[PDB]
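Worksheet for the structure shown next.
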Amino acid sequence: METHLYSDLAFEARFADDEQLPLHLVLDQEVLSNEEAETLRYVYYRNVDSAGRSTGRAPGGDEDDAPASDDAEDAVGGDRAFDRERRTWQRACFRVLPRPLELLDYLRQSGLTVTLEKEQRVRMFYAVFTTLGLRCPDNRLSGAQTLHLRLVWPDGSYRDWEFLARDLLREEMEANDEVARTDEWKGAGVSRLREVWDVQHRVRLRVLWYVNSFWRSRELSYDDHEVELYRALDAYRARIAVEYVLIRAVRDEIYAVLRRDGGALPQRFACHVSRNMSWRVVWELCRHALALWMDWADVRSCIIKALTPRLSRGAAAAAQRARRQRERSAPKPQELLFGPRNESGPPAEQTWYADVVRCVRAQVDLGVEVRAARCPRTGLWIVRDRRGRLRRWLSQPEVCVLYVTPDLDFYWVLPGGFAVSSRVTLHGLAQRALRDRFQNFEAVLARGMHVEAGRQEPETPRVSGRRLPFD
Amino acid sequence: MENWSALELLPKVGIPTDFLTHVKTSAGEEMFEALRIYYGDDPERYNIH
Amino acid sequence: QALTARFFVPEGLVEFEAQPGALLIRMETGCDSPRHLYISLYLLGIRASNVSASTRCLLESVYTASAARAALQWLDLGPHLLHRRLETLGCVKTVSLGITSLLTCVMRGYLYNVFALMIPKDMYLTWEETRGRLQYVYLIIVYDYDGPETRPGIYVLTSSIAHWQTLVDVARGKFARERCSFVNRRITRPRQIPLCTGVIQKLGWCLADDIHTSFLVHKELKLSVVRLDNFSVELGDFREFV
Amino acid sequence: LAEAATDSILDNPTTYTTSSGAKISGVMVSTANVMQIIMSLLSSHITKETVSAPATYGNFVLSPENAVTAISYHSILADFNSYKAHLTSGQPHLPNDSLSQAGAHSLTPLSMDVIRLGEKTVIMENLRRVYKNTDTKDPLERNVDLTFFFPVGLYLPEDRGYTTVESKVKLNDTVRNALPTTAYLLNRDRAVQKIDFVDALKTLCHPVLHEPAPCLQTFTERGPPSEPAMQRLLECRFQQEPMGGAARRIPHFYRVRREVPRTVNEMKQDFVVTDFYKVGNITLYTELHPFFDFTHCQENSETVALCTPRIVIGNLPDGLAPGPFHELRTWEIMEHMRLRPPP
Amino acid sequence: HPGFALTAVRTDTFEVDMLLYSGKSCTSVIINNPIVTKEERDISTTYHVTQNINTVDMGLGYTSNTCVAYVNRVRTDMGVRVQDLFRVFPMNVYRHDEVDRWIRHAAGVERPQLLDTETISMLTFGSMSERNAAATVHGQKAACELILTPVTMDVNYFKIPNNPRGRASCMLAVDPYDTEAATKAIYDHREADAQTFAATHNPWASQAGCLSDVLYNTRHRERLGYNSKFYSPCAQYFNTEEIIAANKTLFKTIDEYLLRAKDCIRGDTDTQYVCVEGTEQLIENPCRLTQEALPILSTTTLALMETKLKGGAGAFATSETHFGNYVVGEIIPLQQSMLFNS
Amino acid sequence: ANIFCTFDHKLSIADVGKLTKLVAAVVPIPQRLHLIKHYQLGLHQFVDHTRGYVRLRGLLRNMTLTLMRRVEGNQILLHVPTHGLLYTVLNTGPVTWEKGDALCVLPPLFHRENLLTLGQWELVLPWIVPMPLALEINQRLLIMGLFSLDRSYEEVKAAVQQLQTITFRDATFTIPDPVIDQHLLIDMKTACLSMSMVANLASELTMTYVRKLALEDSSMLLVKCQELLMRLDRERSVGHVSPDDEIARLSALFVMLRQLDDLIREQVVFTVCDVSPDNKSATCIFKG
Amino acid sequence: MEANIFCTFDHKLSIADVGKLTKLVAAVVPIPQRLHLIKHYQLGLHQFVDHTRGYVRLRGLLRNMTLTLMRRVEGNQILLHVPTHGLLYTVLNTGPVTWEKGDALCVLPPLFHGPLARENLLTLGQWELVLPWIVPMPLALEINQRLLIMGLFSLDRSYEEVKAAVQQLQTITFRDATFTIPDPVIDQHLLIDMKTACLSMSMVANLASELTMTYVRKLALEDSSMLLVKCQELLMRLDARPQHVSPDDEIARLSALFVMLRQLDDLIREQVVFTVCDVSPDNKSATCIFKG
């Protein structure tokens, strides 16, 4: 309850500058699991207008609209793009209620006088309360605007949901001593409760409309032009396709290098072979596996998972340091005899991500982590599991595996370790799309964590309902 | 930490010793604390400073 | 060891308190004629919002004299600030009856052979059931602001918490209801102004085994009280918190 | 008991001896009641005699050289002059130790009761005189505790049914007699007390039993075992599929002629009741909880742990709750419902 | 009958008479003339006198030994009043409120209470949440801890002294300081139990991560919100850290046993609370050293109880079996000795 | 715990009589050495024409307190009162005492008969007054500090006239102004500006920090705080910051709070229990 | 109750440890219970010091803990003495903080210092007698103020800005020493302290005298000085008769403001334990009067 009232007050206070009006949201077991509600850290929202422009980027177009050109030094814009995307995301005030309840009875049990048209009880196992804002640049609000929602957990994981205004405001705009605002807020209550769905129709969430909300009195105007919504739809189509065009670029690169090398594939992963195995069946299995990978590739394919850490601010400085450390001549004897010990070279082991596809039964695995090391006696690659165990799927004749390196080099592998190698071409897309769709969350300080960065994580806060409420 | 060379050097008194278990058994199980044990003639007691 | 002083009071105040172990509080009358009057802790309950209706009726029936009625009139009639008109003097140990009676109070006492402190059930509370070996006791005056009558609370509690700041840290939890109503009155009424919500005064140290329950009888109207069977006194100041 | 104690380092050759040629080797001390029982039971072997004891404490005093060594080195070597003289003389054997050189030559007679145990003579003492009318506890009145464990609601197999008592007791054929749900013990007095699942209910209902989270945490931390036998137990893959085409895509699943691996629960089912607990059962490492089953599975080509709740009692494996037990429990249900002679 | 069987385990304390033997001149007692200190006041003068006693042991091996020859009382009731799991874990609640209240009704328990802040626990060494009973003719309550067992558990395990968890964990058998071998012995299920060569007679108790492990191992209990003042008979069998610490050479293990491993339970309150300040004597506990629990006379029907009570002396030790009804005999003829002293 | 004090100056019969007539008054000495000179005895060593009354309070807080009862030959005997003991004390302020009250020590604001003068050095004793009178005097002086900056408009002068006279039981005191020649002395100005800046800085910072705390466990207290802040902003308005700037503001607010700690926490020094027409003297228990 | 406390050790003692004990006489050690007889495990701060639970938690525990002086220590008998209020005692300082005459002393968990040793003194295998710091009022209240400012600022800020902010804030110099806060962590304890601070600041913003908001600006129109230049510079980042005046209203408003300030003040103030009047010219010990 208190989050909605406080958010109304806070948006009323700042509407002079930001011109955002508040929208109160309550979410249940349909959007997030009970574990995710029990362990939620931050809730974030971002507004995108009908032109596809985020609130926090220059109106006339920005340099992020320019493409990125695959180089790790200027890694998708460096730290400045990260700072811009940090600036565009805004944080809301939220509460977690872990015990089962129904909103009608809970609000009646509170001081708020609900006045809905019919007394249909809506039950939920747990409630997370939040209020998000959507910006009208002037007194006019547009129905083609879309609002993004993000839930952030202490592990840095997050999930993205986006919905447009005309679903949020389908009917709301058509319905048009001293007193403390809390008193009249409780005595005026709420009467209309609607369900909103994400554009992909994947998340259901509820919106509450308090009659004493300050945004009522501004007599603001609302409209939804058809061409405006068509623009919103095509911009959304442009946003959603990033991973799929990246996968198609990988496909076309694979086919191009397979054509270039005349089909002769040299070994790159160490595995014993036999001259009297039928390799024609292996080639046809490679064809079928490649087709299946083209079909079942998802947003969590290895190429996107490897692109994601490249966008973090540490990448650019790390790329500079690594290139400077490689850009060295033979060391002079003076530095060897005197001074500091030599800079540590790149390690003999690496962390990789891979996609494995099976032909015997329809099955692929996408977010697979693998560790790569070079076999000294032959100079070829050896794939080890995260615990150190050897990966045997190389021997398995029904399996083809695609590997991607941290420096965006990818190996395609059929049985026997004979491989197809090429580089990922992120040239195809603007910096804005890569930087907006995927980027690691960067933590901002809150309760229960050390102010000194890099210290060991204390116990996870874990506001919970299985225990007696803590105070 | 107990000065073993002093015990080796300084004059001791004779007693009819009586350990319930075997002497080496009690030494291995360490029925006592801080046991010096060596085989043969270990010349450490000679160097006095 | 103990330090004592002799005090004079009218007979009406003594009628309920005759058993020695009662607290003695000196109230500051607004009028200059009875400028200082020595009221007992029991007299605070009849204007305390944490007492029961039965005990309140008993106290109303006990006090009859014009001095006691005037003391009640002064306690109610002032501008709701109680602790600004009160100073405590410790615990009493003498019996000297008379029309103008004499009673002696220990401002600092540890009596060597029974000296006890008498607190009523309605006024008594404890944060922790885990009785520590040594307990300090405190007097808290509570100020609600819900209505123009400004209903006050008068508490005496024993606790093992030694540091005052942590004691306030834990007291602000239950008395958080004070803070909310205080802010509510601050917004709702722009004209009248408050000072604080609660005040903490420390007087004493005693062992948990000294905390007994006992009965009191004068005017035959029975009262149930808590008895600190070997309490020693050490007067502190009135210390404010919100 | 007297033989178990070893001889002391030192010997004061004259102390604690008895008239008519007896040497005391030990003394027993116990509460007065135990001593009285020993007196009465072992009457012939006890004797009341007069023994010689030192009259005064043996005084040990420091030499000035010892004082200077204590000041300078915080240490004391008693009988320091003896060590000095024996080092200068070159004799490695001392006459006596520093402790045994005190307390002799001052014997006095006192009368006490003694017994003979083999070749030994031992004194007996009862310290009632010290602690009587005193408020301090006698250290010989110690407390020792024991731990008792007993089962309730156990099931003997029906196929191995046997009785050693039929001439002693007979029971009505009511199923409640056949399937036990109670146990009977004795109180601190010799009286019968009854324990039930109903008394246990105050423990059974608490959430900690129904929370498998710590169990799953420790089960995940250990990880899958590396033993080759465990590798066949590990390989189970569970995959969700959309239900849109499930009505007609049935032959496609069977169209490929490849085997389907077993699962941990199904492998757990196929053990005999007594064979279930033996070391040959490889599935025991997953049986951490009655109400919740555990298993290892493959997810994202990585091995992960899984915890699901056993919703109904039927999910209990055959070795933990057999079919005959279920049928007898159904008979008990019928007895409660007055349905043992069913329609 | 629910689909599981229960195993109870409880601790009973006796007040005993000990017999001790010592040899001539075992210990040399050193004494000084007393030192006197004074506190001076106007009311009275008080003198404190102090004699410093020092004991030097002149026995090479063991020169003193004890036997517990006689007993006459049980300080506990030897009852079956089940331990209150709600009191030891007052923090935990069922997620839905009404089901939690209904469970509070079903059990004889009360609303949940918050375990105090660290400062309260430092000023006050404990909570002591369970109040005293209305009356006590039977003495201190014996709280029975219940470890869940499968219904088909071999009854012969209960007829002899054994470890209630289902796997022996006596560190006198393992070689000292071999922590890997000790952990394999006490927790590994790929090798036979050292006492009975089955892998385990209770898979719900004998291996790490089990329900009884998290219930009664203090390592897991500290993770939960639990009260440390309440004594637990299972703790001596489940505290892995203490068991591993007790894995030592023979004589150091013996010293740990008779000096430092002993228990201490309060004697003033009617429920078994652990002591702190030593005003209560340390309690000897052979069950810690042997890491085994003893069987007690237990019967599923009153018929066998009648036929065993009606018989002559020594009939309590025998164990009888029926078509499913059973009785386990007491290993120690205690239930007749306690009459005998009376 | 006794201290002897010797005069460098030359005493005389009537001088000694005036010295001894304060038989059991309290004198503050800077630090407790066994032997001290007469210059250290009293507040005369601290006062000047530029400072103002506030400093004498803060310096009295850290200056050791001491009771005097004797006149020996060329030296004076002093006794340091200890906690928990009871002592005989004199009434030196313009107030009359009553049993059970608490006492505070204040710089003297009104006065001749106390003046033991030797070489233009004067034995200026502090004031012993009950705590309510001390609070009232300090509050009225601090308020009169505010009214000095305007001081021109007629109603302000009427208010200043009203503050100057304070009435207590059976007495009325003519409290002097804290400003001379229309200038406000330096510690008075410093404390007044520190208090005003504390209030002003809190007014600005409260909104940002109530928002930052609201992202934690939002509660009724923060909602009411936000409502009061909007109310304050609405009433006042009708008349992304760098971390180091924000930290500078916060540290400045906290240090400005620290400079004002001396006057807010009026410390108790004695508690009285004796009623007397002999009112000159009273017996007290010591606190400190 | 007890004027004497007897602490005894389970371990056998070496003469080196006995010498250290007899050197540590007159030092301060904390006790959790204020009891007759305690084991040596519950003596000192090694019991409570889990560095994961930061400085605020240990400060909160220590300010509730009671204090005692050291005494007639001998072989396996410590005999600590609890000081009573008002008497004159000899106390030996153990931290590097310089003590000067007239300062009031406060108890705080030890901070870091330059020689980086931390001196793992008195290690009885595992137990290690960690002893608190006794600090004069300015430095100790500086620790408290800097911790509260740390908590108030750090919320909703990225680790990069916070890195420089803590690198400047964590380091304190007092009498030309160099200390730094061991562990700044945002616990519920500091969060409740900040709740109190925010409420107090809101109240002082609300009920303050109307003229005290503008007194600074009137003085700025009146005066121009370095102090006032800085005062204006603070307020500049957000940048005649009063129509009415009533002394009673101002009196009541300033009384309320003083109540609010005293509420906010003691979030930083520490209850003084000792006041010094003596110093050894080697700063190794001082004579003090105890406050309770």
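Letters for chains follow the order of the structure tokens (A, B, ...), residue numbers begin at 1 for each chain, and ligand numbers begin at 1 in the order shown.
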
If DSSP is run on the backbone, what residues of stretch 33-173 of chain C are alpha helix (DSSP H)? A reply as a PDB file with C-alpha atoms, in the first residue's frame would be ideal.
ATOM      1  CA  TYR C  42      -0.462   6.116  41.895  1.00  0.00           C
ATOM      2  CA  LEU C  43      -1.844   9.622  41.330  1.00  0.00           C
ATOM      3  CA  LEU C  44      -0.492   9.578  37.760  1.00  0.00           C
ATOM      4  CA  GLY C  45      -2.645   6.604  36.745  1.00  0.00           C
ATOM      5  CA  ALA C  53     -11.159   1.247  33.771  1.00  0.00           C
ATOM      6  CA  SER C  54     -11.501  -0.716  37.023  1.00  0.00           C
ATOM      7  CA  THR C  55      -8.253   0.611  38.510  1.00  0.00           C
ATOM      8  CA  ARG C  56      -9.097   4.110  37.268  1.00  0.00           C
ATOM      9  CA  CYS C  57     -12.474   3.923  39.027  1.00  0.00           C
ATOM     10  CA  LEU C  58     -10.754   2.681  42.186  1.00  0.00           C
ATOM     11  CA  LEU C  59      -8.331   5.623  42.125  1.00  0.00           C
ATOM     12  CA  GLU C  60     -11.184   8.067  41.472  1.00  0.00           C
ATOM     13  CA  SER C  61     -13.012   6.671  44.505  1.00  0.00           C
ATOM     14  CA  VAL C  62      -9.890   6.791  46.703  1.00  0.00           C
ATOM     15  CA  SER C  66      -9.527  19.285  47.960  1.00  0.00           C
ATOM     16  CA  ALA C  67      -5.730  19.038  47.770  1.00  0.00           C
ATOM     17  CA  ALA C  68      -5.911  15.806  45.754  1.00  0.00           C
ATOM     18  CA  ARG C  69      -8.716  17.130  43.540  1.00  0.00           C
ATOM     19  CA  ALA C  70      -6.674  20.288  42.919  1.00  0.00           C
ATOM     20  CA  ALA C  71      -3.638  18.139  42.084  1.00  0.00           C
ATOM     21  CA  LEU C  72      -5.719  16.288  39.495  1.00  0.00           C
ATOM     22  CA  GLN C  73      -7.045  19.603  38.160  1.00  0.00           C
ATOM     23  CA  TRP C  74      -3.487  20.907  37.752  1.00  0.00           C
ATOM     24  CA  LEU C  75      -2.329  17.669  36.115  1.00  0.00           C
ATOM     25  CA  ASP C  76      -5.124  17.809  33.530  1.00  0.00           C
ATOM     26  CA  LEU C  77      -5.424  21.572  33.101  1.00  0.00           C
ATOM     27  CA  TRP C 164      20.554   4.441  26.548  1.00  0.00           C
ATOM     28  CA  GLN C 165      20.911   4.713  22.764  1.00  0.00           C
ATOM     29  CA  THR C 166      20.162   1.022  22.172  1.00  0.00           C
ATOM     30  CA  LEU C 167      17.304   1.343  24.663  1.00  0.00           C
ATOM     31  CA  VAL C 168      15.830   4.073  22.458  1.00  0.00           C
ATOM     32  CA  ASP C 169      16.533   1.917  19.394  1.00  0.00           C
ATOM     33  CA  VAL C 170      14.287  -0.775  20.867  1.00  0.00           C
ATOM     34  CA  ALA C 171      11.754   1.628  22.430  1.00  0.00           C
ATOM     35  CA  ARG C 172      11.083   3.367  19.105  1.00  0.00           C
ATOM     36  CA  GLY C 173       9.739   0.045  17.829  1.00  0.00           C
TER      37      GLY C 173
END

### Message
For a quick test of understanding: name the residues of chain F lying within 12 Å of chain A when counting only C-alpha atoms, and present them as a ChimeraX atom specification.
### Response
/F:207-208,210-234,240

### Task
Name the closest residue to residue G:60 among the candidates G:105, G:203, G:152, G:267; distances are taken between atoms, counting only C-alpha atoms.
G:267

### Query
Rounded to one decimal in Å, what is the spacing between atom CA of residue D:155 and atom CA of residue E:78?
25.1 Å

Counting only C-alpha atoms, which residues from chain D have an atom at most 12 Å from any atom of chain G, and could you show them as an mmCIF file with N, CA, C and O atoms, in the first residue's frame?
data_model
loop_
_atom_site.group_PDB
_atom_site.id
_atom_site.type_symbol
_atom_site.label_atom_id
_atom_site.label_comp_id
_atom_site.auth_asym_id
_atom_site.auth_seq_id
_atom_site.Cartn_x
_atom_site.Cartn_y
_atom_site.Cartn_z
ATOM 1 N N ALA D 70 65.035 -17.934 40.681
ATOM 2 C CA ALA D 70 63.643 -17.565 40.452
ATOM 3 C C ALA D 70 63.516 -16.113 40.017
ATOM 4 O O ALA D 70 62.701 -15.786 39.146
ATOM 5 N N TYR D 73 65.437 -16.042 36.319
ATOM 6 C CA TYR D 73 64.927 -16.876 35.238
ATOM 7 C C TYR D 73 63.475 -17.307 35.402
ATOM 8 O O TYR D 73 62.980 -18.060 34.555
ATOM 9 N N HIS D 74 62.783 -16.860 36.450
ATOM 10 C CA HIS D 74 61.397 -17.261 36.710
ATOM 11 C C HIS D 74 61.262 -18.781 36.774
ATOM 12 O O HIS D 74 60.294 -19.362 36.279
ATOM 13 N N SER D 75 62.239 -19.435 37.398
ATOM 14 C CA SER D 75 62.235 -20.887 37.481
ATOM 15 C C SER D 75 62.870 -21.326 38.792
ATOM 16 O O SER D 75 63.659 -20.599 39.400
#

### Message
Just the number, please: distance in Å from atom CA of residue F:32 to atom CA of residue F:84, one decimal.
### Response
19.8 Å

### Task
Would you kindly report the residues of chain E within 9 Å of chain A, using only C-alpha atoms, as a VMD selection string?
chain E and resid 90 to 97 112 to 114 225

I need the chosen residues saved as a PDB file, in the first residue's frame, with N, CA, C and O atoms.
ATOM      1  N   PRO E  90      10.985 -21.071  17.039  1.00  0.00           N
ATOM      2  CA  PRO E  90       9.826 -20.165  17.096  1.00  0.00           C
ATOM      3  C   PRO E  90       9.706 -19.227  15.902  1.00  0.00           C
ATOM      4  O   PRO E  90       8.675 -18.557  15.772  1.00  0.00           O
ATOM      5  N   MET E  91      10.719 -19.154  15.035  1.00  0.00           N
ATOM      6  CA  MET E  91      10.676 -18.209  13.923  1.00  0.00           C
ATOM      7  C   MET E  91       9.759 -18.674  12.798  1.00  0.00           C
ATOM      8  O   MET E  91       9.144 -17.843  12.121  1.00  0.00           O
ATOM      9  N   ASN E  92       9.650 -19.980  12.585  1.00  0.00           N
ATOM     10  CA  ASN E  92       9.093 -20.505  11.347  1.00  0.00           C
ATOM     11  C   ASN E  92       7.570 -20.484  11.354  1.00  0.00           C
ATOM     12  O   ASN E  92       6.923 -20.797  12.356  1.00  0.00           O
ATOM     13  N   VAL E  93       7.007 -20.106  10.206  1.00  0.00           N
ATOM     14  CA  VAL E  93       5.565 -19.978  10.026  1.00  0.00           C
ATOM     15  C   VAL E  93       5.192 -20.655   8.714  1.00  0.00           C
ATOM     16  O   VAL E  93       6.002 -20.738   7.789  1.00  0.00           O
ATOM     17  N   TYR E  94       3.958 -21.147   8.637  1.00  0.00           N
ATOM     18  CA  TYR E  94       3.420 -21.570   7.352  1.00  0.00           C
ATOM     19  C   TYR E  94       3.041 -20.348   6.523  1.00  0.00           C
ATOM     20  O   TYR E  94       2.566 -19.336   7.046  1.00  0.00           O
ATOM     21  N   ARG E  95       3.261 -20.452   5.210  1.00  0.00           N
ATOM     22  CA  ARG E  95       3.173 -19.275   4.352  1.00  0.00           C
ATOM     23  C   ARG E  95       1.762 -18.702   4.317  1.00  0.00           C
ATOM     24  O   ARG E  95       1.585 -17.479   4.359  1.00  0.00           O
ATOM     25  N   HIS E  96       0.745 -19.554   4.244  1.00  0.00           N
ATOM     26  CA  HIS E  96      -0.627 -19.082   4.348  1.00  0.00           C
ATOM     27  C   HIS E  96      -0.984 -18.933   5.824  1.00  0.00           C
ATOM     28  O   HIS E  96      -0.601 -19.766   6.650  1.00  0.00           O
ATOM     29  N   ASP E  97      -1.687 -17.849   6.162  1.00  0.00           N
ATOM     30  CA  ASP E  97      -1.928 -17.533   7.569  1.00  0.00           C
ATOM     31  C   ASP E  97      -2.937 -18.486   8.203  1.00  0.00           C
ATOM     32  O   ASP E  97      -2.740 -18.944   9.337  1.00  0.00           O
ATOM     33  N   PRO E 112       3.970 -17.787  16.905  1.00  0.00           N
ATOM     34  CA  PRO E 112       5.432 -17.720  16.780  1.00  0.00           C
ATOM     35  C   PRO E 112       6.006 -16.483  17.452  1.00  0.00           C
ATOM     36  O   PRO E 112       5.356 -15.437  17.538  1.00  0.00           O
ATOM     37  N   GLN E 113       7.244 -16.612  17.929  1.00  0.00           N
ATOM     38  CA  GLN E 113       7.944 -15.539  18.621  1.00  0.00           C
ATOM     39  C   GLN E 113       9.309 -15.321  17.983  1.00  0.00           C
ATOM     40  O   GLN E 113       9.937 -16.268  17.499  1.00  0.00           O
ATOM     41  N   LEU E 114       9.755 -14.069  17.978  1.00  0.00           N
ATOM     42  CA  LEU E 114      11.022 -13.704  17.359  1.00  0.00           C
ATOM     43  C   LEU E 114      12.184 -13.947  18.316  1.00  0.00           C
ATOM     44  O   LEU E 114      12.134 -13.543  19.482  1.00  0.00           O
ATOM     45  N   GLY E 225      16.501 -20.489  12.279  1.00  0.00           N
ATOM     46  CA  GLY E 225      16.261 -19.731  13.490  1.00  0.00           C
ATOM     47  C   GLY E 225      15.887 -20.658  14.626  1.00  0.00           C
ATOM     48  O   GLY E 225      14.749 -21.131  14.698  1.00  0.00           O
TER      49      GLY E 225
END

### Query
Quick one: which residues from chain B are at most 8 Å off chain E, using only C-alpha atoms, as a list in words?
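Residues of chain B within 8 Å of chain E, counting only C-alpha atoms: residues 17, 18, 19, 20, 21, 26, 29, 30 and 31 of chain B.
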
### Task
Write down, as number ranges by chain, each residue of chain E that has any atom within 8 Å of an atom of chain G, counting only C-alpha atoms.
E: 118-119, 122-124, 277

Go ahead and dump the residues you just picked, N, CA and C atoms, as a short mmCIF file (atom, residue, chain, number, x, y, z; two decimals), in the first residue's frame.
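Final output, again10.cif:
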data_model
loop_
_atom_site.label_atom_id
_atom_site.label_comp_id
_atom_site.auth_asym_id
_atom_site.auth_seq_id
_atom_site.Cartn_x
_atom_site.Cartn_y
_atom_site.Cartn_z
N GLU E 118 21.10 -9.86 19.08
CA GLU E 118 22.36 -10.33 19.66
C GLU E 118 22.64 -9.71 21.02
N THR E 119 22.35 -8.42 21.19
CA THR E 119 22.64 -7.75 22.45
C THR E 119 21.82 -8.33 23.60
N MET E 122 23.43 -11.38 24.65
CA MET E 122 24.72 -11.20 25.31
C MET E 122 24.53 -10.73 26.75
N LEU E 123 23.56 -9.84 26.99
CA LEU E 123 23.27 -9.46 28.37
C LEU E 123 22.58 -10.58 29.13
N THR E 124 21.70 -11.32 28.47
CA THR E 124 20.98 -12.44 29.06
C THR E 124 21.40 -13.71 28.33
N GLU E 277 27.16 -21.70 33.64
CA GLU E 277 28.08 -21.12 34.62
C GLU E 277 28.74 -22.15 35.53
#

### Task
Determine which residues of chain B sit within 12 Å of chain G, taking into account only C-alpha atoms, and present them as an MDAnalysis selection string.
chainID B and resid 1:2 33

Keeping only N, CA, C and O atoms, take the residues you just selected and write them out as a CSV table (one decimal), in the first residue's frame.
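Printed below is result-v6.csv as written:
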chain,number,residue,atom,x,y,z
B,1,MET,N,58.9,-28.0,24.1
B,1,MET,CA,59.7,-26.8,24.5
B,1,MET,C,60.6,-27.1,25.7
B,1,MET,O,61.5,-26.4,26.0
B,2,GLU,N,60.2,-28.1,26.4
B,2,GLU,CA,60.9,-28.6,27.6
B,2,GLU,C,62.3,-28.9,27.2
B,2,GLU,O,62.6,-29.6,26.2
B,33,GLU,N,52.2,-35.4,27.6
B,33,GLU,CA,52.4,-34.2,26.8
B,33,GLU,C,53.9,-34.0,26.6
B,33,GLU,O,54.7,-34.2,27.5

### Query
Given the choices D:288, D:313, D:264, D:256, which gets closest to chain A if the distance is worked out from only C-alpha atoms?
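Between D:288, D:313, D:264, D:256, the residue approaching chain A most closely is D:256.
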
### Query
Restricting the calculation to only C-alpha atoms, which member of F:128, F:115, F:285, F:197 is positioned closest to residue G:211?
F:197
